[PDB]
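The next block holds one structure in the form of structure tokens; read it before the comments.
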Amino acid sequence: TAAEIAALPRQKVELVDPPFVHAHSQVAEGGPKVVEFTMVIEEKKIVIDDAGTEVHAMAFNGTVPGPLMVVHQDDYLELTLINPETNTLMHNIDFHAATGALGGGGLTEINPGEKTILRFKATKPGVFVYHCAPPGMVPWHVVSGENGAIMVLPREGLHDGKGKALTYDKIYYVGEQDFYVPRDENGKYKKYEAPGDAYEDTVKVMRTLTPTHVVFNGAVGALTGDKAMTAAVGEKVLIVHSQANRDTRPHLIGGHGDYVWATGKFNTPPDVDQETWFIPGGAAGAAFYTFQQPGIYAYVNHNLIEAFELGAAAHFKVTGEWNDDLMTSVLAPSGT
Amino acid sequence: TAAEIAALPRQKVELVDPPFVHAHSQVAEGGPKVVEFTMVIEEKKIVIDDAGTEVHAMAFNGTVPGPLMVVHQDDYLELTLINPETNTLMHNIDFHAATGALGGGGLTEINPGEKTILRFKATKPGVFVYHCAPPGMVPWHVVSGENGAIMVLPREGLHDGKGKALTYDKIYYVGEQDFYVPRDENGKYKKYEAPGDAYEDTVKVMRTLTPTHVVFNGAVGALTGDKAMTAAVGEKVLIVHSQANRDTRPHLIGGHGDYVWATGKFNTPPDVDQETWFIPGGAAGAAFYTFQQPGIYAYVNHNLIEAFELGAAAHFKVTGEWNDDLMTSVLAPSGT
Amino acid sequence: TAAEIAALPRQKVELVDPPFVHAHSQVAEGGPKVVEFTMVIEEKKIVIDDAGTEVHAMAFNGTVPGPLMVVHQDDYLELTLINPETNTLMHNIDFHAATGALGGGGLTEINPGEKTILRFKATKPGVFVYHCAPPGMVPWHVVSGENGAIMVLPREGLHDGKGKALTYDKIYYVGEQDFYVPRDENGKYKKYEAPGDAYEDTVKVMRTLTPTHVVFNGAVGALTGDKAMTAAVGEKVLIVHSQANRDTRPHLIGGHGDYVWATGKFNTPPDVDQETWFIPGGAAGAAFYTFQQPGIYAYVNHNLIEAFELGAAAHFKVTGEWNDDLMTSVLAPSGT
Ligand SMILES: [Cu+2]
Ligand SMILES: [Cu+2]
Ligand SMILES: [Cu+2]
Ligand SMILES: [Cu+2]
Ligand SMILES: [Cu+2]
Ligand SMILES: [Cu+2]
């Protein structure tokens, strides 16, 4: 508890752009420590589709979603947040993992040219959303990309229902984002000089509750082809997914969610053998799967219109040998 | 079972406008009893926002949502429903807690000037939605405010997964309502003389499946500022939330749902350590939380556009001493 | 595992139009077998409402949803899929129950005039969605009716949380479908000659994410009146529900879901005493209920606007004697 006791081991961590996850250990290597992270909020224009649609994003570390921070239950997460003097807005941060002052948002308001340091004890294990929440403009900052997630691993690592340890070989972080880009009378998306010039039009669109794009990792096709996530037959993978503003229903086409903490909380036992899971807006979830077959797999939001029309689909390229017991073409497409 | 056996202890209860809950005991004080409630349906105009938008509501006891009725498993809930002769429509009631005749709706159709008495055994423990369901106009009455909820507490009170008793100090009831108010060619909401004059326009809006307002307790800001819910550090609070027509994803900004019966049923173990929970349209849920930090907390539907743009946000004013172990500002917003 | 070992008992099954389920046994009668099914995809015009709205459906065995296939855990499902030479499009199939090649979709692309045979081991118990998924046109084929579901029963039948066997007397399959029919400037739905002529307009509607109709069994009122599902007081019924593209929240008006596998997976314990359950788009779920009272019951998607305005409501006609202990009208609607 005491302020003198918090002078515990400190550990500076360097973050790695979504979606790889910075280095960490699944089983806590020692006792509680103060884990240090630094993030800069960047207001910048990004292209969200193959047709050149520009968006004035508000991005932690320049990415959409912001990076995944990983700590263990009972460690203290100390974050240094910086708001560049070139930015035009005040920003703060709300960790769903934190207890108090609006997720930390009440203690972190910084205008262009300032920085602040917030520390909180990660008391609850699970994956949680974090995002900017400026008074009067909460929705707008969040739907501009300003959100991400953190993982508070139990000190002894992950397990299933009856305490059986679940260790993953790889971990990926998929941040799903809903964008509301305005259009002109000609149906062509609009461009603006500064973020603020877009506020009014953007809000008229937000109110319809219908996004124009729904993307993984900031852009349509951001995680496909050359940027496809990878694994091999036999590897245990954990996929952390988050949606700060609206619902999503992840589905691994060709596979399943062997263990899924749909609510993202590790003290709540995982659902098993899932085909499609549900993550409500404002939450993060995690699914663990062991690959059985090689090939490409499509990871999508199972509202297939959002997946294939709006932009919410990613690829997994898996290597290994085919298993004919699991599945096999008895008669390939042939004339009748 | 027998009709002669139902002549058990009777208990008349007086209801208290949402969202306080009428007096009751968590642990059933004795044996089964017949609990008596009386409600009047009021057709009246209400203002749902700060810009003066009028709605012809259909409100149980004059409120939106209607009051919370609390009983214990196996008690009989006897309700006297009255439809004032000044009303213009027939109304009935459908308790999701009841078994038979369409939730009781088939046995309770009353035109202006009538009353009826329905009794049912509360066989299943949990929170359940109730609402008017007149044949041919079900959606319309429900989205006009005519819904509320009841709680069927286990005879021995609430508990967590391993039978550990969970006793709350306070209980609040948040009814979330989606309104579909029509607009004229000028984008200005429309006013009508009688509820029926609005039916046609209202339906054209309902079909878009997009509400114009989503409010807690009948109006934008109904539960903020002076009307903020209260608690103190250390108090155990139960928040019952209900949505009779559409989905919501509650989130206590700055806190969590320590135990959440997302499905609202007490025989289904609660999820623990939740950041954001999901309640499907047509259901009620409950979250139990012990306050750890003082300050204001925002209770919202985590689709932040519905929260901050459409009207779905409430406040919690908590008193007590700040805990710097949980969270602390190491460096307040300062120049860089 | 071995190819020689797969020469096990074969069993040809004849499918029965939704929603009756082909004959089967709840407890696996022997050892693993190769269960054989045959389906033909039919491109045909269907009327989805009482106002004569035509849709160019893509239907397995001529129905919307396609039939329910039932097998046991570890059996092999061998499906012969045929694409009539009169059809105009290529079609394939994606079983959420299968592991590999995109649910089998990568191994089953067939143009008009072809057939193929795919086999997969049903390793995971639960209800799963299946649907066509042609590259470049996935959403469009699915929202045209091309989806259905299968059930992989545990070898020893269904049970609740503590292994207590749950045997059903009847089983019904409700497939919920969201349709996006285009309209002309006059608000009147449009008709087309061939499916392809509709593609462009249909997509403009899909992007709004708002269906024009949401129906059970292919049409508004498809399962009402003369086509009402039936049961009697005392019968245990299992209702399998599926939604391949969007969310639904089933509710049995007048009853409950005694045991509900909302996620549709049998190794994930069921939630009990449900009023309204949630099934995410891209998944199938199942609810078990024992009827207690006679009368009509409405089975609906609890977003009452989709239920009563868009078309998502079915009937259950139950016979037996009324139980006055559960519910009783103490004072019928009378003057005040
Ligand atoms: Cu911001
Ligand atoms: Cu939040
Ligand atoms: Cu009414
Ligand atoms: Cu209802
Ligand atoms: Cu097809
Ligand atoms: Cu699928």
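A quick note on method: Cβ atoms are made from the backbone with ideal geometry, for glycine too, and the neighbour counts reach across all protein chains shown. All of this is worked out from the model, or read from it or from the source named; none is laboratory data.
Being assigned to a strand (DSSP E or B) and either without any contact (Cβ under 8 Å) to a residue 24 or more places away in the chain or under 14 Å from the mean Cα position of the chain (by Cα) (or both) is a property that A:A231 lacks. Considering segment C:19-67, and only residues there that are of a type outside the set (A, V, I, L, M, F, W, C) and part of a strand (DSSP E or B), the residue that is nearest to C:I5 (Cα to Cα) turns out to be C:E36.
Restricting A:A312, A:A228, A:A307 to those that are among the small types (G, A, S) and either closer than 18 Å to A:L68 by Cβ or within 9 Å of another protein chain (Cβ to nearest Cβ) (or both) reduces the list to A:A307. Exactly one residue out of A:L102, A:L77, A:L89, A:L118 is more than 9 Å from chain B (Cβ to nearest Cβ) and not in a loop (DSSP other than H, G, I, E, B), and it is A:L77. Regarding A:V138, is this residue facing another protein chain (nearest Cβ under 9 Å), buried (at least 24 other Cβ atoms within 10 Å of the Cβ), touching a helix residue (DSSP H, G or I) at 6+ places or on another chain (Cβ under 9 Å) and free of Cβ contacts under 8 Å to residues at least 12 places away in the same chain? Answer is yes for this residue. The number of residues in segment B:243-257 being of a type outside the set (K, R), out of contact with any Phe, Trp or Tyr (no Cβ under 9 Å at 6 or more places or on another chain) and not in a strand (DSSP E or B) comes to 1.
Of the numbered criteria (1) crowded, with 24+ Cβ neighbours inside 10 Å; (2) touching a strand residue (DSSP E or B) at 6+ places or on another chain (Cβ under 6 Å); (3) outside any strand (DSSP E or B); (4) among the β-branched types (V, I, T), the one B:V260 fails is (3).
Taking segment A:298-317 as the range and being among the polar types (S, T, N, Q) and part of a strand (DSSP E or B) as the test, only A:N301 passes. Looking across B:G136, B:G163, one residue alone is of a type outside the set (D, E), part of a loop (DSSP other than H, G, I, E, B) and farther than 30 Å from A:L209 by Cα. It is B:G163. Scanning segment B:277-297 for residues that are in a strand (DSSP E or B) and either surrounded by fewer than 23 Cβ atoms within 10 Å (Cβ to Cβ) or within 14 Å of chain C (Cβ to nearest Cβ) (or both) yields a count of 10. Against the list (1) away from chain C (no Cβ under 14 Å); (2) more than 16 Å from ligand 3 (Cβ to nearest atom), the condition B:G161 fails is (1).
The number of residues in segment B:232-265 that are at positive phi and more than 16 Å from ligand 4 (Cβ to nearest atom) comes to 2. Based on this model, can you work out whether C:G320 counts as more than 7 Å from chain B (Cβ to nearest Cβ) and buried (at least 17 other Cβ atoms within 10 Å of the Cβ)? Criteria not met by C:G320.
Output yes when any residue across segment A:172-183 is assigned by CATH to the domain that holds A:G264, among the acidic types (D, E), within 16 Å of the chain's Cα centre (by Cα) and not in a loop (DSSP other than H, G, I, E, B), and no when none is. Yes: segment A:172-183 contains one or more residues that are assigned by CATH to the domain that holds A:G264, among the acidic types (D, E), within 16 Å of the chain's Cα centre (by Cα) and not in a loop (DSSP other than H, G, I, E, B).
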